[PDB]
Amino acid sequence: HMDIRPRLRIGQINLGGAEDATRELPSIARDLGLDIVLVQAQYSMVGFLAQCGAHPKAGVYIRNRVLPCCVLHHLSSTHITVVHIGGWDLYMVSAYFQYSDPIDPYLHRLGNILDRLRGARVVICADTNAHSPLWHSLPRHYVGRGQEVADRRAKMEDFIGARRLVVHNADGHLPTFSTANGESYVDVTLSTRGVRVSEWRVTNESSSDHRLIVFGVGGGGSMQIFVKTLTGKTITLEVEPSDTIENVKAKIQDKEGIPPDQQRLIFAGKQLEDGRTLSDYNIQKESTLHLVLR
């Protein structure tokens, strides 16, 4: 049974403290196939948010409650929620850098979080309330807007630099933040190096003034192979070069509940023995295997 998607789908949205925007989140997650939504300025009196403190302004929505998800209590606070998505090395951070406050304290805590999780795959979803060309702000957002705007910008970019962080906000997308005073880009999707983020986009799904950002996250450049049936079904699968045929067959079991002892995979006109690896058979990125039932 389980899942048709190969990788996790994530949302990121500042809900502007609105009950209605917070309460539409489950339907939006269902509609778009989101596993996790990293939220800021939630309406906190709801029942479905992992959130910390008395008046939280960051949290995580886990759509499917059976997904093993740990909230790191030692790394979390009202403005920053850290979760572990079990059970290898993927962590995620929802952060809200309140506009009324300096940015330094927030950056120091994020720094602390990154020290502790050194080496791990970490994704950070932050409403920065900062403007930088890194995430497609226009010159009129970060130049000639006063010293504080330039300082937030500078601190944010130094931090990104010092922690070797990757910004996944792509060119040619809608602004993340739309007010009566205009449009801006202040919502930022970061990761540590070697996290694979795909299909990053900004949507119009939420009724917040902020726009829901959506993207994909895998489990490992790890690759993608297409396991095809003769009925037209394609199982997309995240797999390492050195994983075994057996290991692949069990991926299919958990994804489709097909018993491995009744699975036959064929590549390059050759049946695949359980013992061997994806490399031994010269199976690389975007390769297509036949899955035959026996």
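Quick note: we count residues from 1 along the sequence shown, nothing fancier.
What size is the break between residue 220 and residue 221 in terms of deposited sequence residues left without coordinates: none, 1 to 3, 4 to 9, or 10 or more? The entry has 1 to 3 unmodelled residues between residue 220 and residue 221.
Mean CA temperature factor from the deposited coordinates, higher in 167-175 or in 84-92? The entry gives the higher C-alpha B-factor average to 84-92.
Hey, which bit's got the bigger mean C-alpha B factor in the entry, 138-146 or 112-120? Between 138-146 and 112-120, it is 112-120.
Specify which of 32, 38, 252, 50 carries the largest Cα B factor in the deposited PDB entry. Across 32, 38, 252, 50, the entry lists the biggest C-alpha B-factor for 252.
Residue 224 CA temperature factor, ranked by third within the chain: Highest third - that is where residue 224 ends up once the chain's C-alpha B-factors are sorted.
How does the C-alpha B factor of residue 59 compare with the rest of the chain: lowest, middle or highest third? Its C-alpha B-factor belongs to the lowest third of this chain's values.
So where's residue 213 on the chain's Cα temperature factor ranking, which third? Lowest third - that is where residue 213 ends up once the chain's C-alpha B-factors are sorted.
State the tercile, meaning the lowest, middle or highest third, of residue 13 with respect to the CA B-factors recorded for its chain. Ranked within chain, residue 13 CA B lands in the lowest tercile.
Just say lowest, middle or highest third for the CA B-factor of residue 128 relative to the other modelled residues in its chain. Its C-alpha B-factor, which the entry lists for residue 128, ranks in the lowest third among residues of this chain.
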